[PDB]
């Protein structure tokens, strides 16, 4: 019942794999969240880009409610009338031959690694089990053994047994390093985030994505774009990669694909790649279930109908321009695209990002630091200019109160 009671209970019956910001939410609608004491807050995290369409979006909620009375899961042992409709929809929306439905973001990543590997052997001709996938330092795509194996962050891999072989890491936003890495004919793919979220919203230099595409094509290497956090209007486009008109070989979607109402994930690619996996060689119990498909279609429609991409683009500019007005002795950097932004706090003797977020919380705005001194600002794409302007002032006062 009480925030402290809630914290207390979780601490007793739940694993301590997290250290959340001490706020106990019980309701959320649009850009707002309310804790157990009734206090309202601006959501400047969007569940890590999962609630782009805002919390409990009516249209998506309706889709869930209508389908639950009909069918929720049959398993892929049999067909369900909804999946194919969703598949046709998403493949045409993103312009790819097929889609492989999964549940979580890591799963989409695993699927991509399996597609890349399978393709490397069956199509590229790499000798069995000598295939490698290159990743960029600072990457974050999940918590599976394989995912943490490509991580350069000790917090993800330290203490977690022997790691997955075949994973090469190179610096991010580095075309020369990529080119150097692609000299090995055993490389099957390169997986990259158009903008690294958890690394601290690190935006690569303009031309980077074009370079990656040119390099991968030239060396017969698959370009896997992890758009699980940057895609679906978040950065101001359907896919962050759209900013440079780049067409990755494989695109990974997740989070906002369901508006935060169901774990839905997707991996898009053409037949020459997708069909390397035969019947019975890959799957998931919940992947492609009826319920998740209806919410996915609805979540995608919301993004389309409400032109959330153009909104994100317009308002992001304002957000960044205003944030840049803050004192350099305070905010050392402001970066992002669309509504995926972050500020770098100059950690000193007294203050730090956590403290800023605690006080920010006290002033009605919810956010969390990514790397101790980096604070992410990513409010639902349904936010309005005035609402943005109000939150911006909450950020200003908090920042200027230390």
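Only the largest set of C-alpha atoms that superpose within 1.5 Å between the two forms is called the rigid core. Positions refer to the first chain, counted from 1.
For this session: Any chance you could tell me whether 347 to 355 or 53 to 61 drifts more in 8 other deposited structures of this protein, judged by RMS CA distance from this form after superposing on the core?
Result: Between 53 to 61 and 347 to 355, the one lying farther away in 8 other deposited structures of this protein is 347 to 355.
For this session: Select between 344 to 352 and 358 to 366 the stretch whose C-alpha atoms have the higher average B-factor in the entry.
Result: Of 358 to 366 and 344 to 352, the stretch with the higher C-alpha B-factor average is 344 to 352.
For this session: Using the B-factors recorded in the PDB entry, average over the C-alpha atoms of 303 to 311 and of 225 to 233, then report which stretch comes out higher.
Result: It is 303 to 311.
Problem set entry | Candidate residues 188, 317, 240, 100, the one whose C-alpha B factor the record puts highest | Among 188, 317, 240, 100, the PDB entry lists the largest C-alpha B-factor for 317.
Problem set entry | Third of chain Cα B-factors occupied by residue 132 | Lowest third of the chain for residue 132's C-alpha B-factor.
For this session: Check where residue 267 lands among this chain's C-alpha B-factors and tell me if it's the lowest, middle or highest third.
Result: For residue 267, whose C-alpha B-factor we compare with every modelled residue in the chain, the answer is the lowest third.
Exercise. Hey, what third does residue 327 fall into on Cα B-factor, ranked over its chain?
Worked result: Its C-alpha B-factor belongs to the highest third of this chain's values.
Exercise. Hey, what third does residue 321 fall into on Cα B-factor, ranked over its chain?
Worked result: It belongs to the highest third of the chain when residues are ordered by C-alpha B-factor.
Exercise. Among the modelled residues of its chain, does the C-alpha B-factor of residue 258 lie in the lowest, middle or highest third?
Worked result: For residue 258, whose C-alpha B-factor we compare with every modelled residue in the chain, the answer is the middle third.
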